[PDB]
>>> print(open('input-v5.cif').read())   # mmCIF, C-alpha atoms and all ligand atoms
data_data
loop_
_atom_site.label_atom_id
_atom_site.label_comp_id
_atom_site.auth_asym_id
_atom_site.auth_seq_id
_atom_site.Cartn_x
_atom_site.Cartn_y
_atom_site.Cartn_z
CA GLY K 3 0.00 0.00 0.00
CA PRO K 4 1.03 3.70 0.13
CA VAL K 5 4.19 4.57 2.10
CA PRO K 6 3.31 6.59 5.28
CA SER K 7 4.40 10.24 5.58
CA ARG K 8 4.77 12.67 8.48
CA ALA K 9 5.46 16.43 8.57
CA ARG K 10 9.14 17.45 8.86
CA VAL K 11 8.11 20.14 11.38
CA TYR K 12 5.64 20.44 14.32
CA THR K 13 5.07 16.70 14.31
CA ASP K 14 4.73 16.58 18.16
CA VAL K 15 2.72 19.70 18.96
CA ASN K 16 -0.61 17.79 19.60
CA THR K 17 1.38 15.23 21.70
CA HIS K 18 3.11 17.86 23.92
CA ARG K 19 -0.24 19.72 24.43
CA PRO K 20 -3.02 18.24 26.72
CA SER K 21 -6.00 16.34 25.16
CA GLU K 22 -8.37 19.31 25.91
CA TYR K 23 -6.35 21.30 23.27
CA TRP K 24 -7.11 19.05 20.22
CA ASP K 25 -10.06 16.88 21.30
CA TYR K 26 -12.70 19.30 20.05
CA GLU K 27 -15.57 16.86 20.56
CA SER K 28 -15.00 17.15 24.34
CA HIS K 29 -15.10 21.01 24.17
CA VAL K 30 -18.03 22.71 25.96
CA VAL K 31 -19.19 25.86 24.12
CA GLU K 32 -19.84 28.86 26.45
CA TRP K 33 -22.75 30.59 24.67
CA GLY K 34 -23.07 34.38 24.53
CA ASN K 35 -26.24 36.49 24.05
CA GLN K 36 -27.59 36.75 20.46
CA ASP K 37 -29.49 39.95 21.47
CA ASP K 38 -26.11 41.79 21.82
CA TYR K 39 -25.93 41.84 18.01
CA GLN K 40 -27.96 43.71 15.43
CA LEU K 41 -27.56 42.42 11.85
CA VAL K 42 -27.01 45.32 9.37
CA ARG K 43 -26.50 43.68 5.96
CA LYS K 44 -25.76 40.34 4.33
CA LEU K 45 -22.10 40.28 3.10
CA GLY K 46 -22.27 36.87 1.39
CA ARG K 47 -23.22 33.21 1.52
CA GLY K 48 -21.01 30.21 0.94
CA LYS K 49 -21.54 26.45 0.96
CA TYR K 50 -21.40 26.34 4.78
CA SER K 51 -22.42 29.77 6.13
CA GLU K 52 -24.12 33.12 5.62
CA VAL K 53 -22.00 36.16 6.61
CA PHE K 54 -23.42 39.50 7.89
CA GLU K 55 -22.08 42.86 8.97
CA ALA K 56 -23.48 43.60 12.41
CA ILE K 57 -23.16 45.99 15.37
CA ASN K 58 -22.43 44.81 18.93
CA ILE K 59 -24.94 47.11 20.67
CA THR K 60 -23.19 46.58 24.12
CA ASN K 61 -19.90 48.28 23.19
CA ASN K 62 -21.10 49.93 19.91
CA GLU K 63 -18.41 48.17 17.79
CA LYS K 64 -18.76 46.82 14.21
CA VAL K 65 -18.54 42.95 14.03
CA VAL K 66 -19.04 40.16 11.43
CA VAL K 67 -21.58 37.41 12.16
CA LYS K 68 -21.20 34.05 10.44
CA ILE K 69 -24.40 31.99 10.70
CA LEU K 70 -23.52 28.37 10.07
CA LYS K 71 -25.74 26.24 7.88
CA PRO K 72 -26.93 22.82 9.12
CA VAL K 73 -24.32 20.93 7.05
CA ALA K 74 -21.59 23.03 8.73
CA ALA K 75 -23.39 22.75 12.08
CA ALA K 76 -22.20 19.19 12.78
CA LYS K 77 -18.50 20.16 12.67
CA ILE K 78 -18.79 23.50 14.47
CA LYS K 79 -16.89 22.32 17.56
CA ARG K 80 -13.77 21.80 15.44
CA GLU K 81 -13.95 25.32 14.02
CA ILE K 82 -14.70 26.88 17.41
CA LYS K 83 -11.89 25.00 19.13
CA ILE K 84 -9.42 25.95 16.41
CA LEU K 85 -10.50 29.60 16.52
CA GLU K 86 -10.16 29.71 20.32
CA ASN K 87 -6.72 27.99 20.22
CA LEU K 88 -5.42 30.46 17.60
CA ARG K 89 -7.05 33.61 19.02
CA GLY K 90 -4.49 36.40 19.41
CA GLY K 91 -2.07 34.84 16.89
CA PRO K 92 -0.55 37.07 14.17
CA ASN K 93 -3.00 37.80 11.35
CA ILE K 94 -5.51 35.22 12.63
CA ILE K 95 -9.15 36.42 12.54
CA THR K 96 -10.37 37.03 16.15
CA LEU K 97 -13.46 35.07 17.33
CA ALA K 98 -15.30 37.55 19.66
CA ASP K 99 -18.40 35.47 20.58
CA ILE K 100 -20.53 32.37 19.82
CA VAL K 101 -24.31 32.72 19.96
CA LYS K 102 -27.32 30.74 18.85
CA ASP K 103 -29.21 32.32 15.98
CA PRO K 104 -32.90 32.46 16.83
CA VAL K 105 -34.10 31.92 13.24
CA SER K 106 -31.64 29.28 11.98
CA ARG K 107 -31.38 27.47 15.34
CA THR K 108 -27.69 27.05 14.59
CA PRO K 109 -24.51 28.51 15.97
CA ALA K 110 -23.43 31.94 14.80
CA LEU K 111 -19.73 32.92 15.15
CA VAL K 112 -19.03 36.58 15.88
CA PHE K 113 -15.73 38.00 14.63
CA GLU K 114 -13.82 41.30 14.76
CA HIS K 115 -14.61 43.47 11.77
CA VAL K 116 -12.08 43.85 8.96
CA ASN K 117 -12.83 46.21 6.08
CA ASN K 118 -11.81 44.11 3.11
CA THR K 119 -10.56 45.75 -0.05
CA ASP K 120 -12.20 44.32 -3.16
CA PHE K 121 -10.36 41.53 -4.99
CA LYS K 122 -10.18 43.44 -8.29
CA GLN K 123 -8.48 46.46 -6.70
CA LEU K 124 -6.01 44.24 -4.85
CA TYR K 125 -5.32 41.90 -7.80
CA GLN K 126 -4.88 44.74 -10.26
CA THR K 127 -3.03 47.37 -8.19
CA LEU K 128 -0.85 45.66 -5.56
CA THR K 129 2.79 46.49 -6.31
CA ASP K 130 5.80 44.12 -6.19
CA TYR K 131 6.63 45.60 -2.75
CA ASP K 132 2.99 45.09 -1.51
CA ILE K 133 2.94 41.48 -2.77
CA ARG K 134 6.09 40.65 -0.75
CA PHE K 135 4.67 42.51 2.29
CA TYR K 136 1.33 40.67 2.23
CA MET K 137 2.93 37.29 1.45
CA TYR K 138 5.07 37.77 4.62
CA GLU K 139 1.90 38.63 6.63
CA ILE K 140 0.25 35.37 5.37
CA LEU K 141 3.37 33.40 6.31
CA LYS K 142 3.12 34.77 9.89
CA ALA K 143 -0.44 33.39 10.11
CA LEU K 144 0.55 30.01 8.59
CA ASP K 145 3.63 29.49 10.71
CA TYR K 146 1.51 30.40 13.75
CA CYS K 147 -1.28 27.92 13.04
CA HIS K 148 1.18 25.16 11.92
CA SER K 149 3.28 25.73 15.12
CA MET K 150 0.00 25.28 16.98
CA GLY K 151 -0.67 21.91 15.33
CA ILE K 152 -3.31 23.14 12.89
CA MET K 153 -3.45 23.12 9.08
CA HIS K 154 -5.86 25.58 7.43
CA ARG K 155 -6.59 23.47 4.29
CA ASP K 156 -8.41 26.20 2.42
CA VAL K 157 -5.85 28.88 1.66
CA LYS K 158 -7.14 30.95 -1.28
CA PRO K 159 -7.81 34.64 -1.92
CA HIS K 160 -11.45 34.56 -0.65
CA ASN K 161 -10.02 33.42 2.72
CA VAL K 162 -7.44 36.20 2.98
CA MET K 163 -8.97 39.52 4.02
CA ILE K 164 -6.88 42.60 3.31
CA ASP K 165 -7.65 46.11 4.55
CA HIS K 166 -5.20 47.77 2.20
CA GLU K 167 -5.88 51.27 3.61
CA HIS K 168 -4.50 50.08 7.02
CA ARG K 169 -2.09 47.37 5.62
CA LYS K 170 -3.93 44.82 7.72
CA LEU K 171 -4.38 41.18 6.73
CA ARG K 172 -6.39 38.37 8.35
CA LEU K 173 -6.57 34.70 7.46
CA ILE K 174 -10.24 33.73 7.81
CA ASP K 175 -12.69 30.79 7.44
CA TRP K 176 -11.22 28.06 9.59
CA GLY K 177 -14.19 25.80 8.81
CA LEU K 178 -12.03 23.34 6.92
CA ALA K 179 -9.04 23.49 9.29
CA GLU K 180 -7.86 20.37 11.11
CA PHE K 181 -5.51 19.41 13.91
CA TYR K 182 -2.46 17.63 12.54
CA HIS K 183 -1.80 14.22 14.00
CA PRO K 184 1.09 12.17 12.54
CA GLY K 185 -0.13 9.10 10.70
CA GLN K 186 -3.72 10.33 10.43
CA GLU K 187 -5.44 9.87 7.08
CA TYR K 188 -7.38 12.98 6.08
CA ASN K 189 -10.19 13.68 3.66
CA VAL K 190 -8.70 14.69 0.30
CA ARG K 191 -11.93 16.66 -0.52
CA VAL K 192 -10.59 19.90 0.90
CA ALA K 193 -9.46 23.18 -0.77
CA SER K 194 -10.84 24.82 -3.87
CA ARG K 195 -9.88 23.17 -7.17
CA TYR K 196 -7.19 25.61 -8.28
CA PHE K 197 -5.41 25.54 -4.96
CA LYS K 198 -5.47 21.77 -4.41
CA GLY K 199 -2.11 20.22 -3.80
CA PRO K 200 -0.87 17.26 -5.89
CA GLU K 201 -1.30 15.10 -2.72
CA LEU K 202 -5.04 15.68 -2.89
CA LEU K 203 -5.21 15.17 -6.63
CA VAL K 204 -3.48 11.75 -6.42
CA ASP K 205 -5.67 10.74 -3.43
CA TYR K 206 -2.76 10.65 -0.90
CA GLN K 207 -4.46 10.98 2.50
CA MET K 208 -1.50 11.24 4.90
CA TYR K 209 -0.85 14.93 4.18
CA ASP K 210 0.08 17.75 6.56
CA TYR K 211 0.74 21.50 6.96
CA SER K 212 2.69 21.54 3.67
CA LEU K 213 -0.68 21.42 1.77
CA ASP K 214 -1.09 25.13 2.80
CA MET K 215 2.32 25.97 1.31
CA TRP K 216 1.22 24.59 -2.12
CA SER K 217 -1.96 26.71 -1.98
CA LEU K 218 0.13 29.78 -1.05
CA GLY K 219 2.37 29.08 -4.04
CA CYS K 220 -0.71 28.95 -6.34
CA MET K 221 -1.81 32.41 -5.08
CA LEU K 222 1.74 33.83 -5.60
CA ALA K 223 2.10 32.39 -9.14
CA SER K 224 -1.28 33.87 -10.22
CA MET K 225 -0.37 37.27 -8.73
CA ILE K 226 3.21 37.71 -10.15
CA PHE K 227 2.51 36.22 -13.61
CA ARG K 228 -0.96 37.90 -14.05
CA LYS K 229 -2.51 34.49 -14.82
CA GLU K 230 -5.66 33.96 -12.77
CA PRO K 231 -5.87 31.14 -11.62
CA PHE K 232 -2.37 29.83 -12.39
CA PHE K 233 -3.38 26.13 -12.77
CA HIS K 234 -6.80 26.37 -14.51
CA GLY K 235 -8.10 22.80 -14.43
CA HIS K 236 -11.57 22.04 -15.87
CA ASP K 237 -12.01 19.35 -13.12
CA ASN K 238 -9.83 17.58 -10.47
CA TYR K 239 -8.19 15.34 -13.10
CA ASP K 240 -7.39 18.10 -15.61
CA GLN K 241 -6.13 20.04 -12.51
CA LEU K 242 -3.21 17.56 -12.18
CA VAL K 243 -2.57 17.69 -15.95
CA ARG K 244 -2.33 21.53 -15.80
CA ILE K 245 0.24 21.18 -12.99
CA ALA K 246 2.19 18.53 -14.98
CA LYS K 247 2.42 20.82 -18.05
CA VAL K 248 4.48 23.17 -15.82
CA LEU K 249 6.26 20.92 -13.28
CA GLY K 250 6.71 18.03 -15.77
CA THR K 251 5.60 14.40 -15.65
CA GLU K 252 9.02 12.92 -14.59
CA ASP K 253 8.96 14.60 -11.15
CA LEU K 254 5.25 13.61 -10.83
CA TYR K 255 6.23 9.97 -11.40
CA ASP K 256 9.14 10.27 -8.95
CA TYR K 257 6.64 11.66 -6.36
CA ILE K 258 4.03 8.92 -6.69
CA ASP K 259 6.86 6.25 -6.79
CA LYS K 260 8.36 7.64 -3.52
CA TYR K 261 5.00 7.16 -1.71
CA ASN K 262 4.07 3.97 -3.67
CA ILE K 263 0.91 5.80 -4.95
CA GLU K 264 -0.85 4.43 -8.02
CA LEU K 265 -2.31 7.09 -10.31
CA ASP K 266 -5.98 6.57 -11.14
CA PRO K 267 -5.87 4.74 -14.58
CA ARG K 268 -8.14 7.46 -16.05
CA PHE K 269 -4.91 9.57 -16.28
CA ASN K 270 -3.53 7.22 -19.08
CA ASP K 271 -5.79 8.96 -21.63
CA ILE K 272 -5.09 12.61 -20.54
CA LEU K 273 -1.70 13.01 -18.76
CA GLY K 274 0.86 12.60 -21.59
CA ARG K 275 4.60 13.39 -21.25
CA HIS K 276 5.72 16.92 -20.31
CA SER K 277 9.11 18.39 -19.49
CA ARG K 278 9.56 20.68 -16.43
CA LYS K 279 9.28 24.30 -17.61
CA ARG K 280 11.71 27.06 -16.45
CA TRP K 281 9.74 29.74 -14.52
CA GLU K 282 11.08 32.50 -16.89
CA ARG K 283 8.75 31.05 -19.59
CA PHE K 284 5.76 32.76 -17.84
CA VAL K 285 7.46 36.25 -17.80
CA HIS K 286 6.25 38.88 -20.28
CA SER K 287 6.07 42.67 -20.61
CA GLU K 288 2.73 42.86 -18.70
CA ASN K 289 4.04 41.05 -15.53
CA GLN K 290 7.82 41.88 -15.58
CA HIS K 291 7.26 44.60 -12.88
CA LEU K 292 6.18 41.86 -10.38
CA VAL K 293 8.92 39.32 -11.25
CA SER K 294 12.48 38.96 -9.95
CA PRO K 295 15.05 36.14 -9.64
CA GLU K 296 14.09 36.00 -5.88
CA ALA K 297 10.33 35.71 -6.67
CA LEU K 298 10.88 32.86 -9.14
CA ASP K 299 13.24 31.05 -6.78
CA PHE K 300 10.72 31.40 -3.92
CA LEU K 301 7.87 30.12 -6.12
CA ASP K 302 10.01 27.18 -7.27
CA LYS K 303 10.52 26.11 -3.63
CA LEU K 304 6.75 26.17 -2.81
CA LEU K 305 5.39 24.57 -6.00
CA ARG K 306 6.92 21.11 -5.65
CA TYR K 307 5.01 17.85 -6.05
CA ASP K 308 6.69 16.26 -2.99
CA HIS K 309 4.85 17.72 0.00
CA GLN K 310 7.91 16.85 2.17
CA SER K 311 10.24 18.99 -0.10
CA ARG K 312 8.33 22.32 -0.02
CA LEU K 313 9.55 25.22 2.07
CA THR K 314 7.88 25.33 5.51
CA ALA K 315 6.30 28.67 6.51
CA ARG K 316 9.25 29.49 8.82
CA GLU K 317 11.86 28.62 6.09
CA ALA K 318 9.81 30.67 3.59
CA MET K 319 10.09 33.73 5.89
CA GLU K 320 13.96 33.43 5.66
CA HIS K 321 13.85 33.71 1.85
CA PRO K 322 15.67 36.51 -0.06
CA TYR K 323 12.29 37.50 -1.69
CA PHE K 324 11.44 39.13 1.68
CA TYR K 325 14.74 40.97 2.25
CA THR K 326 13.22 44.20 0.81
CA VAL K 327 10.23 44.05 3.20
CA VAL K 328 10.50 46.42 6.21
CA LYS K 329 10.58 44.31 9.40
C1 LIG K 401 -4.47 35.92 -6.14
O1 LIG K 401 -4.69 36.64 -4.93
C2 LIG K 401 -3.60 37.00 -4.18
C3 LIG K 401 -2.30 36.57 -4.44
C4 LIG K 401 -1.25 37.07 -3.70
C5 LIG K 401 -1.47 37.99 -2.68
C6 LIG K 401 -0.34 38.53 -1.87
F1 LIG K 401 0.86 38.18 -2.35
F2 LIG K 401 -0.30 39.86 -1.87
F3 LIG K 401 -0.40 38.15 -0.58
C7 LIG K 401 -2.77 38.40 -2.41
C8 LIG K 401 -3.85 37.90 -3.14
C9 LIG K 401 -5.21 38.34 -2.73
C10 LIG K 401 -5.70 37.94 -1.49
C11 LIG K 401 -6.99 38.25 -1.10
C12 LIG K 401 -7.83 38.99 -1.92
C13 LIG K 401 -9.28 39.33 -1.60
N1 LIG K 401 -9.97 38.52 -0.63
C14 LIG K 401 -7.33 39.43 -3.14
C15 LIG K 401 -6.05 39.10 -3.54
CL1 LIG K 401 -5.49 39.64 -5.09
#
>>> encode(input="input-v5.cif", output="structure tokens")
Amino acid sequence: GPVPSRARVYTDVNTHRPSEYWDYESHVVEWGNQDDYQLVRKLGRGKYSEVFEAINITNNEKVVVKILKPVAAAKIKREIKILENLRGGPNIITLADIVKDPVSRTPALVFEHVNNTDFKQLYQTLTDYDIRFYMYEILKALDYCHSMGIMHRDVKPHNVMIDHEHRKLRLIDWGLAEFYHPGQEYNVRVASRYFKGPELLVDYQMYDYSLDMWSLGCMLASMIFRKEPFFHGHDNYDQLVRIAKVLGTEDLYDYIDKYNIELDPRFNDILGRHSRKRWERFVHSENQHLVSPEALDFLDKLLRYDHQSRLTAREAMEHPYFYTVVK
């Protein structure tokens, strides 16, 4: 069968911490008062929740209320526990309260308010300097949650709120986050298609924090090359083929051979043979202002098939790409 794998970092964090830390099922939720909050406007709705701008009428502060849907309701303890464990961490969204929505009869998570700049404005106007600055801010959040034994598993632009006016960033939506336990087999049906790591696409279940580093690399590649999304698969199978047209099929075969993974035979009719492409191939006059030898070298070290070979968040923070960023 497949060869087991374990993270090269933070392998023991959930061992060194008491069971109360990671055993979310045993966690008792201390409910607040739903009447403290007045809903102002609906901000959006996803697969698992409906998000609203609200006012905490007790202290007159702006908040965000996330009313979980019934499907999300079963796994709320995991999200709550993770949010409470990470509260106060750098660039981690702050959970302010947990109440029971009167109408939905489900839990509603109350967060600090962040004024998020629209995607278009950020995607189209962030400078090379801003990209390095915000990438470093995301790395602070990822090294914090990884060091705390948690993998986000849904790193993508929709889950990164940026208040550009105040140069403030928060990593949000911890609904898909999990505690990392060495040897544990995890559901591969996590992350949005374009951000899914090769481990998910080849059905390798014993993955870890490094999945977040692949997703981060996908966001960086799209941003610096002006190619949104970078790996534009039509489905989960074509997703791996799009990756292979860049990274090459030889390193993909070395990866699955290392972990004794068998590719799904449906790949025989679509994968083909592809050489590894040099990152300079994606450079052109419309993205040259965002590219540098340091950016390409950084990207190269995140976007690797072998989840054990990618830079960790802490190593990534040491990279020359961030030398220009004011610390
Ligand atoms: C492809 O998206 C990104 C890619 C890289 C970066 C960063 F390098 F600056 F950190 C930010 C975004 C982004 C992150 C979040 C949003 C809006 N929620 C918008 C954008 Cl453009």
>>> closest_residue(input="input-v5.cif", among="K:107, K:64, K:155, K:183", to="residue 18 in chain K", atoms="all atoms listed in the file")
K:183
>>> closest_residue(input="input-v5.cif", among="K:159, K:109, K:34, K:219", to="residue 199 in chain K", atoms="only C-alpha atoms")
K:219
>>> residues_around(input="input-v5.cif", residues="range 72-87 of chain K", least_positions_apart="3", cutoff="7 Å", atoms="only C-alpha atoms", output="VMD selection string")
chain K and resid 26 to 27 29 50 97 108 176 to 177
>>> write_last_selection(input="input-v5.cif", atoms="C-alpha atoms", output="JSON list (two decimals), in the coordinates of the input")
[["chain", "number", "residue", "atom", "x", "y", "z"],
["K", 26, "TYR", "CA", -12.70, 19.30, 20.05],
["K", 27, "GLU", "CA", -15.57, 16.86, 20.56],
["K", 29, "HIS", "CA", -15.10, 21.01, 24.17],
["K", 50, "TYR", "CA", -21.40, 26.34, 4.78],
["K", 97, "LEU", "CA", -13.46, 35.07, 17.33],
["K", 108, "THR", "CA", -27.69, 27.05, 14.59],
["K", 176, "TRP", "CA", -11.22, 28.06, 9.59],
["K", 177, "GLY", "CA", -14.19, 25.80, 8.81]]
>>> closest_residue(input="input-v5.cif", among="K:324, K:284, K:269, K:113", to="ligand LIG 401 (chain K)", atoms="only C-alpha atoms and all ligand atoms")
K:324
>>> closest_residue(input="input-v5.cif", among="K:275, K:303, K:142, K:236", to="residue 222 in chain K", atoms="all atoms listed in the file")
K:303
>>> closest_residue(input="input-v5.cif", among="K:14, K:264, K:214, K:55", to="residue 194 in chain K", atoms="all atoms listed in the file")
K:214
>>> closest_atom_pairs(input="input-v5.cif", of="chain K", to="ligand LIG 401 (chain K)", cutoff="10 Å", atoms="only C-alpha atoms and all ligand atoms", output="Markdown table")
| residue | atom | partner | partner_atom | distance |
| --- | --- | --- | --- | --- |
| K:118 | CA | K:LIG401 | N1 | 7.0 |
| K:119 | CA | K:LIG401 | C13 | 6.7 |
| K:120 | CA | K:LIG401 | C13 | 6.0 |
| K:121 | CA | K:LIG401 | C14 | 4.1 |
| K:122 | CA | K:LIG401 | CL1 | 6.8 |
| K:123 | CA | K:LIG401 | CL1 | 7.6 |
| K:124 | CA | K:LIG401 | CL1 | 4.6 |
| K:125 | CA | K:LIG401 | CL1 | 3.5 |
| K:126 | CA | K:LIG401 | CL1 | 7.3 |
| K:127 | CA | K:LIG401 | CL1 | 8.7 |
| K:128 | CA | K:LIG401 | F2 | 6.9 |
| K:129 | CA | K:LIG401 | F2 | 8.6 |
| K:130 | CA | K:LIG401 | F2 | 8.6 |
| K:131 | CA | K:LIG401 | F2 | 9.0 |
| K:132 | CA | K:LIG401 | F2 | 6.2 |
| K:133 | CA | K:LIG401 | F2 | 3.7 |
| K:134 | CA | K:LIG401 | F1 | 6.0 |
| K:135 | CA | K:LIG401 | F2 | 7.0 |
| K:136 | CA | K:LIG401 | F3 | 4.2 |
| K:137 | CA | K:LIG401 | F3 | 4.0 |
| K:138 | CA | K:LIG401 | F3 | 7.6 |
| K:139 | CA | K:LIG401 | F3 | 7.6 |
| K:140 | CA | K:LIG401 | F3 | 6.6 |
| K:141 | CA | K:LIG401 | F3 | 9.2 |
| K:157 | CA | K:LIG401 | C10 | 9.6 |
| K:158 | CA | K:LIG401 | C10 | 7.1 |
| K:159 | CA | K:LIG401 | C11 | 3.8 |
| K:160 | CA | K:LIG401 | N1 | 4.2 |
| K:161 | CA | K:LIG401 | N1 | 6.1 |
| K:162 | CA | K:LIG401 | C11 | 4.6 |
| K:163 | CA | K:LIG401 | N1 | 4.9 |
| K:164 | CA | K:LIG401 | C11 | 6.2 |
| K:165 | CA | K:LIG401 | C13 | 9.3 |
| K:171 | CA | K:LIG401 | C11 | 8.8 |
| K:172 | CA | K:LIG401 | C11 | 9.5 |
| K:173 | CA | K:LIG401 | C11 | 9.3 |
| K:174 | CA | K:LIG401 | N1 | 9.7 |
| K:218 | CA | K:LIG401 | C4 | 7.9 |
| K:219 | CA | K:LIG401 | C4 | 8.8 |
| K:220 | CA | K:LIG401 | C1 | 7.9 |
| K:221 | CA | K:LIG401 | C3 | 4.2 |
| K:222 | CA | K:LIG401 | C4 | 4.8 |
| K:223 | CA | K:LIG401 | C3 | 7.7 |
| K:224 | CA | K:LIG401 | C1 | 5.6 |
| K:225 | CA | K:LIG401 | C3 | 4.8 |
| K:226 | CA | K:LIG401 | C4 | 7.9 |
| K:228 | CA | K:LIG401 | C1 | 8.9 |
| K:229 | CA | K:LIG401 | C1 | 9.0 |
| K:230 | CA | K:LIG401 | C1 | 7.0 |
| K:231 | CA | K:LIG401 | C1 | 7.4 |
| K:232 | CA | K:LIG401 | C1 | 9.0 |
>>> atom_distance(input="input-v5.cif", atom1="CA of residue 62 in chain K", atom2="CA of residue 100 in chain K")
17.6 Å
>>> closest_residue(input="input-v5.cif", among="K:190, K:203, K:9, K:59", to="residue 235 in chain K", atoms="only C-alpha atoms")
K:203
>>> build_atoms(input="input-v5.cif", residues="range 220-232 of chain K", atoms="N, CA and C atoms", output="mmCIF file, keeping the file's coordinate frame")
data_model
loop_
_atom_site.group_PDB
_atom_site.id
_atom_site.type_symbol
_atom_site.label_atom_id
_atom_site.label_comp_id
_atom_site.auth_asym_id
_atom_site.auth_seq_id
_atom_site.Cartn_x
_atom_site.Cartn_y
_atom_site.Cartn_z
ATOM 1 N N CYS K 220 0.260 28.703 -5.274
ATOM 2 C CA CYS K 220 -0.710 28.950 -6.340
ATOM 3 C C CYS K 220 -1.145 30.424 -6.349
ATOM 4 N N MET K 221 -1.434 30.984 -5.171
ATOM 5 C CA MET K 221 -1.810 32.410 -5.080
ATOM 6 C C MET K 221 -0.654 33.311 -5.602
ATOM 7 N N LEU K 222 0.589 33.039 -5.167
ATOM 8 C CA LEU K 222 1.740 33.830 -5.600
ATOM 9 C C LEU K 222 1.915 33.752 -7.117
ATOM 10 N N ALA K 223 1.909 32.539 -7.683
ATOM 11 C CA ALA K 223 2.100 32.390 -9.140
ATOM 12 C C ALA K 223 1.062 33.222 -9.928
ATOM 13 N N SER K 224 -0.213 33.127 -9.547
ATOM 14 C CA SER K 224 -1.280 33.870 -10.220
ATOM 15 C C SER K 224 -0.998 35.373 -10.150
ATOM 16 N N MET K 225 -0.614 35.844 -8.965
ATOM 17 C CA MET K 225 -0.370 37.270 -8.730
ATOM 18 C C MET K 225 0.809 37.799 -9.561
ATOM 19 N N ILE K 226 2.005 37.150 -9.475
ATOM 20 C CA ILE K 226 3.210 37.710 -10.150
ATOM 21 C C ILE K 226 3.205 37.540 -11.653
ATOM 22 N N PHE K 227 2.542 36.489 -12.160
ATOM 23 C CA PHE K 227 2.510 36.220 -13.610
ATOM 24 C C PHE K 227 1.280 36.809 -14.296
ATOM 25 N N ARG K 228 0.309 37.328 -13.514
ATOM 26 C CA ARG K 228 -0.960 37.900 -14.050
ATOM 27 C C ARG K 228 -1.722 36.806 -14.829
ATOM 28 N N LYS K 229 -1.870 35.643 -14.186
ATOM 29 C CA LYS K 229 -2.510 34.490 -14.820
ATOM 30 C C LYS K 229 -3.402 33.915 -13.749
ATOM 31 N N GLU K 230 -4.688 34.272 -13.797
ATOM 32 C CA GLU K 230 -5.660 33.960 -12.770
ATOM 33 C C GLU K 230 -6.707 32.929 -13.224
ATOM 34 N N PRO K 231 -6.792 31.729 -12.614
ATOM 35 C CA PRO K 231 -5.870 31.140 -11.620
ATOM 36 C C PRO K 231 -4.644 30.628 -12.394
ATOM 37 N N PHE K 232 -3.552 30.300 -11.685
ATOM 38 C CA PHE K 232 -2.370 29.830 -12.390
ATOM 39 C C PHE K 232 -2.549 28.460 -13.058
#
